[PDB]
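In the C-alpha cells that follow, the same protein chain appears in two forms, which are kept apart as structure 1 and structure 2.
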Structure 1
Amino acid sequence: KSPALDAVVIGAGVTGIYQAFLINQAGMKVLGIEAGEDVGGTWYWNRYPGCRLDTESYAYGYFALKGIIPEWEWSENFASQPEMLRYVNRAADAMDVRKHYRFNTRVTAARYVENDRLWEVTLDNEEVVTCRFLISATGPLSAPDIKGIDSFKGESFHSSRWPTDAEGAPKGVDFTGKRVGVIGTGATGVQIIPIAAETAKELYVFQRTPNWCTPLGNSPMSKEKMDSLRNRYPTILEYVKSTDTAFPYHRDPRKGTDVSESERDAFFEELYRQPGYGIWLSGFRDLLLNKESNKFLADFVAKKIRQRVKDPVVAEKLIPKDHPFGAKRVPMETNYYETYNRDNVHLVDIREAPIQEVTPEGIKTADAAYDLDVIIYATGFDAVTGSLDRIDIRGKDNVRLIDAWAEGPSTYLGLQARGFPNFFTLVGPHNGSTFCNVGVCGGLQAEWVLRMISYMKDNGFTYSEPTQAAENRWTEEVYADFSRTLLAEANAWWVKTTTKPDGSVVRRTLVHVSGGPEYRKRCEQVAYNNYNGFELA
C-alpha cells in the first residue's frame, strides 16, 4: 500500500505553514493540520494584553526578508500580537497555503506502519490519513495546579486563552473598580501587569520567584526607518544567518573578567538603555560560561531595579538571588518595575506564603485572604519539555515516543529519532528553539528538511531513520556543549541522567544550546555526504 500524501505537517504557526508551502512548491502533496480556526500559532492563540515580540520585528520577519511578502510594513520596532497575526495572515495569503490545511482539527495519534513505510495519522480520533513523512511543527512551547480555581465567583482570565471580541481584540481589559489578582511573573505576567495596573482599583501580584527582566525600549517605526530596513534586507538576512542565535546581535569579543569595573559599568549602562536584547546578546563572551562575568551583569541589572523601584523591600523581592542572568529566555518589559511604585499595586510573596486555594471570594494564601473580583492566570510555558506529549506517537514495534525519550530526547541532528522513521521534529528545545530567533531558525530548518525529502524523492528512497551510532554521537555532543555552560548548574532538571542496568552513565539535555551556524554547518556536511548517519532505503 502507498500513502495518499508525501507529507503531513502538524501546526499552522510560522514554522508549519512555511514547511507546507515549501513541500507544495516542490511538486509534492502535503496536508497541514491545525487545531485552531486559522493560521498564526503563537500569534493566533495568545491574545492577552501586552502580548508582543522580544525580537526586532524586521529580524523575526523571515517571510519579508526572504521576499515572500517583501512589501510588508512594520508599525513598531517590537510588533504587538495583533500586528504579528496580520503579518502571518498576509504571509499565508502570499504562499496560498490555507488550501493545504485542515483547520479546527487535532492530530490525536500517529502510528508508523512498518510493512508500508508510512504514517497513519489520526484526526480527532476518527479520520485516518496516510503520508510518507510526518513533520511536527507543534510549537517550541507547551502548557495551573491550584485547588479551587473552579470555585471563584468573579471573572477568571487565562493568558493562554484570553477571551476576544468578534474583531479578535481581547475582552474585559478595563479593570476600573475591580480588585484584580495576577498569578505569575514570567514573560506573560510582566507584559500583563503594567497594563492591568492602569485601570485596576487594586492589583495583587502573586509571585513565587522573580525572573530577570530588561527594558524592551519599544517605539514606533517611521516610514523612513522601514524603507531603509527593507533596502538592507539582503544584508540583514546574511547577518542573522550568521549569528549564534539568529537575533541581530553577536557577543563582545572580550571576557568580562578582563574589563575594569568602570569600563564594565559604562558598557552595561549603554546596552541597558539600547532597545532590545543587546544587554544580553551583545554582552561579554564569557557571560554564560563564567560565574564572575555573569555576576557582574546580574549585579548591574539588580542595581537598575533598585533605581527604578522606590521601596527597597519591594525592590529586593523583584531581584533573583538564586539564578544567573540569562539562564532563562529573559523577559523584556515596558515600565514593569515602575508598576510597583503605584499605590494600588501589591506584591504577594507566595514562596513564603504559598497559595492554599482559590475560593469563591478570591485567593487564600498561607498567611492571608485576598478578596478579588478578577483573577488572571499568567501561566508560564515549558520551553524545555516540548509539545508532542499530547499526541499518541507510535514507531517501530509499537514503541511510544514518550517512552523512547523517557531518559531524555535522543535524536540525530535534532530532527529524527531512532525508532521513528520518516518523522521530523521541527522547532523544539531539543533542536535550539529556546534561545533562537525562531522566525529565522525555524525557516532555515524547514528548508533543510525540504532538501532531504526532495533528495529522497529524486532517488526513490521511501525510508529514513538514524543509526544508533549517529544518534548516540549527536546526543552526547549536544550534552557536552550544554554541560560547559552555566545552564547546567542552574537548570539541573534540564538534564536527564540514567545509570544503565550494568553501570555506565547516560546524560542527555532537554535543551540544545549550540550555535545556529555551527549546527547548520554540521547538517550540511551530513546532507552533502548522502545523509551519512541516516539509513536510507
Structure 2
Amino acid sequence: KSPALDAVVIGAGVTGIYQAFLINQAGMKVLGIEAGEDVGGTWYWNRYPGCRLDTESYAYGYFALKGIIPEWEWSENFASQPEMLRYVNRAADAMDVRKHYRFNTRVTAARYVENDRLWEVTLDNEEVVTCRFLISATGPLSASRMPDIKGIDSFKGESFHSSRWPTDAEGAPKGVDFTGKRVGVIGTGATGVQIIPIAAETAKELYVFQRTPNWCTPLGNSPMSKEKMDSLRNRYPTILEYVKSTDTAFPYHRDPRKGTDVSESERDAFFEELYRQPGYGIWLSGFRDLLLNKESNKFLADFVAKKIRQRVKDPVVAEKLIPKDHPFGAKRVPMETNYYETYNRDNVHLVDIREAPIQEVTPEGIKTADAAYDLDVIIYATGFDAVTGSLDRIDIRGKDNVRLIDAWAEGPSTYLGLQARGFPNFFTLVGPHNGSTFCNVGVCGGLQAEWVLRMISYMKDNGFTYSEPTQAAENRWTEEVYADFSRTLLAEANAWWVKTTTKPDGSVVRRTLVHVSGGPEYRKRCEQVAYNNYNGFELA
C-alpha cells in the first residue's frame, strides 16, 4: 500500500501556500487543505479594526523579495489587513497554487501507518487521503481562545472574539460603527491595542478591561510614495540579503555596544531618537545586552515608562498602563497608533481587572468584584492558543498509536524544530523551537519551507521513504534550545513558556516552548545537518 500523494500541506496562510508551491514546483504530488474559503490564514481570518503589520511591509513580503511577485505595490510602510489579504491573494495567483487546495475542509485526524510508512489524513471526520509526508502549516497563532469566564452566552448585545468579526459580501467588516454604543474590550495585547483607539473615535463610552499592561511603542506608520516603493524594489536584492542576516529577519540589528558603555545622557539621546523613528528599532536596534542584562533592560524600561507618563495626562491612569511584571521586549512588543492618547478622551475608562477580577458576564454587561458595567457591545481581544495549539486540535497519532498531545505533554520535543521522535515523515512549520515568537514570519517561514522542500527532494532522489529523529539528536537539540533560552531574561519573565517535570524516579526535565537563537544561527545548524546527509535523522 503506497500513498496517493507525496505530501499534504495543512494550512493556506503564507507558510502553507508557499510550501505547497515549492513541492509542486519540484515535480511532486501535493494536496493542500484549508478550513477557510480561500488563502491568507492570519490575513483571511483577522478582520478587526486596526489590524496591521508590525513588520515593515517590504520586509514581510517575502513573495515580492523573492521574485514571485516583484511588481507588487505597497501603499504604506506597515500594511493594513485588507492590503495584506490582497497581497497573499495576488501571490496565490502567481504561484497557481489554489488548484492544489481543498478549501472549507478541516483536517480532524492524522494517523501514521507503520507498515506502509505513510500518513492517513482524515477530512471533516469522513474522507481519508494518503501521503508520504504530512506537513503542518497550521499557524503559530491560529486557534482562538476564549476567556475562561462565566456567563458569556447571556449577553443580550453584540459579541465577538477579535479573530471572528462578521463581514459584508465585499469582505469589509461590519458593526465597525459604534456611534451611540457603550463598548467593552477585554485584553490589551497587540490586538486590543490596535482596536481601542479606533473604537474610541465613535463609541459613546469605552471600557477597557486590562489584566496586564504591555510595553507598547509607537508604530509611526505613514504612506509610501510610489517613488520610495520603486526605490525599495530596486534594492530588493540587498534588502533580502540583509534580512536573511539579522537575528529576527526584521530589518534591524543590535547595536554593538553594551548599555553601560555610554553615559546616562547618551543613552537617553539614543533612546529618544529610536523612540521617534518608525517600527521596531527601539526594541531591535537596542544595546546588545538588552535581553541579557537586568540593568540594561531597566534603562530602556525606565525610558519607555517616562514616555507613557508624557503621553497620558492623568497620573493615576498613566501608572496603571506601565508594567511592573516584566522586562521590556520580553514579549513581542505591541506597536500602536495613538494608543496612550486615547485614554485622555473623556469617553474612555481603564478598568484594572487584576486587582478587581471579572466575576461573570451578564445580560446587561460585565460584573467585577466592585462594579457593574452596562454594555451594548463586547470585544474579546483575549488572544490565541500559541504555537502548539492548532496542532492540539487535530487528533495526530504516531508510532504505537501515540498522541502528539501526550508525546509533548512534558513540553515540545523536536529535532531542528521540524520533526518529533515517534512521528515519522511529519513536518511542523513555524511551530516550536522554530523562532516564530520574535520572527519576521514572512521571511523565517519562507526559508523554513525551502529547507523542508530540499529534504523532501533528497529523499525522493535517494528513494528514501522514512525519516525520524534519533532520540539522542532530539534530546541534544531540545536541551540546547533550553540552555540558550535560560541565559536571557525571558526565562523568569514568562515562566509558563518553561515546562518543568520532576519525573517519578527523581529526574528533572526542562523544556521551553520558544526558540531564541537568531535565525541565521538556526539556519546554519539546519544546513550543517542537511549537508552531512541529515545527520540526526534515521533515514531509510
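Only residues modelled in both forms are compared. Along the sequence of structure 1, residues get numbers from 1 upward. Rigid core: the largest C-alpha set superposing within 1.5 Å between the two forms.
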- [ ] Please look at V301, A91, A79, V384 and say which one has a C-alpha shift reaching 2 Å or more between the two structures, core superposed.
- [x] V384
TODO: Classify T499 as shifted (yes) or not shifted (no) between the two structures, where shifted means its C-alpha moves by 2 Å or more with the rigid core superposed.
DONE: yes
Open item on the list: Superpose the two forms on the rigid core and tell me the Cα shift of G36 between the two structures in angstrom.
Closed with: 0.3
Open item on the list: Can you give me the Cα shift for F157 between the two structures? Core-superposed, in angstrom, one decimal please.
Closed with: 2.4
Task: Once both forms are overlaid on the core, stretches between the two structures of 3 or more residues with C-alpha shifts of 2 Å or more - done: 381-387, 499-504
